[PDB]
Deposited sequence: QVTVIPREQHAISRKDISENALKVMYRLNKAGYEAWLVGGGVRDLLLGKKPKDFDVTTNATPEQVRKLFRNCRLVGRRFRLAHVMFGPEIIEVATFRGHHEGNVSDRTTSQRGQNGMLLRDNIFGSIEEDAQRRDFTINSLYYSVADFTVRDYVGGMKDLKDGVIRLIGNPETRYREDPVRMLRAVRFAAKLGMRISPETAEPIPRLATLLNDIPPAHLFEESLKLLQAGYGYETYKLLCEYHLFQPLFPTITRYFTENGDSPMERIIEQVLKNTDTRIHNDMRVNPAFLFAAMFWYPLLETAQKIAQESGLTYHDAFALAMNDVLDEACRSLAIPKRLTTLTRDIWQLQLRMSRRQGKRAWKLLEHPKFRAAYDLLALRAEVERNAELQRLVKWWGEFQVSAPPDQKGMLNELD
């Protein structure tokens, strides 16, 4: 058991890679308080990689953190936890917890996993490890902190997080941490769908999506979130839907690493596609009506019951409705309206779906439509005219 690591034993964590929340700590340190660097950032630093956040903690009460910074720009609210602003770097300043506000050792125990629970002191260049930490981090192990059994019951979402970190760093989940998930997964249904929607994005949409879906599938965590989707999985292994989902995820992933921006309205529009299509089949051959009005129904429903687990915001659903709408429109080869279409704000997305639709089905009459719209959109107006 090693509770304090000296800077000369702990990987660089060189004071010079800490941007300047340094100013935020030195200020506290000057005032008879303690300033520690917790969680995400301090993990990464030890890891070698570049911190994306810098969060700090202190034995200073939240009203004591208030006075010391009444002159600075403090962004809003939140019990405990204060928000400091430079600009394109905001710094989180949280008071230790335990009756309510306690010690560093106390605070370490209410933190979900090991590595995300290392602490750094500018004041002593030491990192504090009241937990597995340093070893877990070295061995590459996502270990939970209290008794898995009970923690997952208090906050089930911890279970999702477990996988998420599992995929983003190349690490494995501790056996005792792993055992309970498949049994307890269903517990995510007692979760406010909104909260789930956030974690759906943190999982797929943060550029690890593919590896995180593999892990979400291997622990039956995928199913409580996307029941409309699980249902159309197949024994064989790789139907058209099961291919698209992999692909859109690998791509959504590639875009993030090349630093593109990305549409979440898209990722859903892709994944629920084939289900929408299936529901269009049954809706038409049964209860016989036109394919158009049928399809329209399939949307409301697919989206209704999906929106029953994740709470997709009215905004995204409505763009999705459009990316699907375009799928039909683009299908019928025709003229004049084409300009009207190319103009559509969600066109770029709609094209990228048709892209997938044709890659996965390997249906060459789509890949046909795909070359046509490919050329119609990079082509200049005299030739655009000639294509109709």
Where does the structure fail to cover the deposited sequence at the C-alpha level? 99-121, 412-415
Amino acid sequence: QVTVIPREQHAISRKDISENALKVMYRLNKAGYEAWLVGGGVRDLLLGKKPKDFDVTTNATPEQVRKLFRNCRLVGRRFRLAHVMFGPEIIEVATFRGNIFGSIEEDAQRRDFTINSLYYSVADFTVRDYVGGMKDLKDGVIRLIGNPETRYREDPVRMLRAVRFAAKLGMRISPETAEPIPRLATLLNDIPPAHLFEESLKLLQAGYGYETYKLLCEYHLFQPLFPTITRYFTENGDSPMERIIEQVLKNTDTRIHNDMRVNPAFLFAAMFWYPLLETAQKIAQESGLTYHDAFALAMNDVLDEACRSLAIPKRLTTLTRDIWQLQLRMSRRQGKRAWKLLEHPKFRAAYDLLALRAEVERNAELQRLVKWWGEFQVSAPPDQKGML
From here on, numbers count along this sequence of modelled residues.
Which of the two stretches, 321-329 or 334-342, shows the higher mean Cα temperature factor in the record? 334-342
Quick one: say whether 225-233 or 282-290 has the higher mean Cα B-factor in the deposited entry. 282-290
Could you check 169, 82, 270, 160 and tell me which one carries the biggest Cα B-factor in the deposited entry? 82
Kindly indicate the residue among 219, 86, 210, 119 with the greatest C-alpha B-factor in the PDB record. 86
Give the position of residue 68 by CA B-factor within its chain, expressed as the lowest, middle or highest third. highest
Lowest, middle or highest third: where is residue 126 by Cα B-factor in its chain? highest
Split the chain's modelled residues into thirds by Cα B-factor; is residue 195 in the lowest, middle or highest one? middle
Among all modelled residues of this chain, ranked by Cα B factor, put residue 99 in the bottom, middle or top third, i.e. lowest, middle or highest. highest
Chain third (lowest, middle, highest) by recorded CA B-factor, residue given as residue 78: highest
